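Here's a solo chain for you in structure tokens, the form deposited in one PDB entry.
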């Protein structure tokens, strides 16, 4: 009876630096390779010191988000890793520009930096692309992927080694939004399921209500003579927000005086690359792209930097990064926090150790990048558009697949415990169904015996 080993080097009882080691029949597989946004230097990396890079046969990347691929240029260029790397086409294309904005936004010189834009550029040739619903075989390992929804190109990988099927969700959503599909429920049933836990103890409101709340907050800020800050990286959930705002400005002629800026040095390139992968979007937006392209915004202007910005009267700025560690969104927050008329809207999952996470604990004051202290008077709102499955969607996914083993990753420690308990209760009195739920810490291993 062969022994299957699953070990989180990252995202074990936390959100950040997703990296999961899978060991079975003389094969070593790594799932994702992200950084931790709430940490600095070598500490922001997964616990890579616990493995030998040269022994990794396969490296699979779920989606282009920094907490899943941010460490990838360091692992590909600055380690003994000689294995093969796979991404979907849209993920590889977006990976090149989000990481370029990331290195730009970053506040350190080449000495302290994990990698450069040249390392990122060079890492590209080392990455192979896979289509959805297509089998690839590497070192005896058979793999294919499903749609994850969540972000453009996001995949759920199914891995088969000697009759043993394992499904890794990456990050996923089971609802369609304006341009993305929902995640697929595989019909092939896995022995092991590795699933994200981000919003697993919560229940989503209607898309219509979240969109209305968001738009009403923005409108309320500009009405009172304020400027709206919406921190986001140029590629990710930002594309959904741009679609919502552009539609809202069309429906409200009394806002045609108020400008909307999508502020990023790479703004034009980001949108051009995004639009190249329309084939990976919803059926709705795929049919309408040649009728009226909604990605060709009527009310949103690009903005390269603070230098190209006339901060005269109310405006709405979408600026990188999302967690406001440094860069344009941090610069604008420092210029706008002291006026009570201004407002910040946080739309993503904020990780401990970031300004975005900090400002939600309602501080009296904040620290600038220069080191100074400023009073926090501007409003701070949290309206999530992070596109993660809620309890009903997680439960429904587990119930359709009924895998003997469920492994929780990518979630706050205490909420992951609560999710585990609820999944255990769901199958406690069921005699015909048997499911074992695990929630390992970083460096802890899940050991399973097969055959």
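Positions refer to the first chain, counted from 1. Superpose the two forms; the largest set of C-alphas matching within 1.5 Å is the rigid core.
This protein has a second form, the form deposited in another entry, left out of what is shown; the following refers to that one.
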Superpose on the rigid core, then report which one of 86, 248, 74, 143 has a CA displacement of at least 2 angstroms between this form and the one not shown. 248
Comparing between this form and the one not shown on the rigid core, is the C-alpha shift at residue 235 2 Å or larger? yes
Core superposition between this form and the one not shown, C-alpha change of residue 164 at least 2 Å: no
How about residue 362 - superposed on the rigid core, does its CA move between this form and the one not shown by 2 Å or more? no
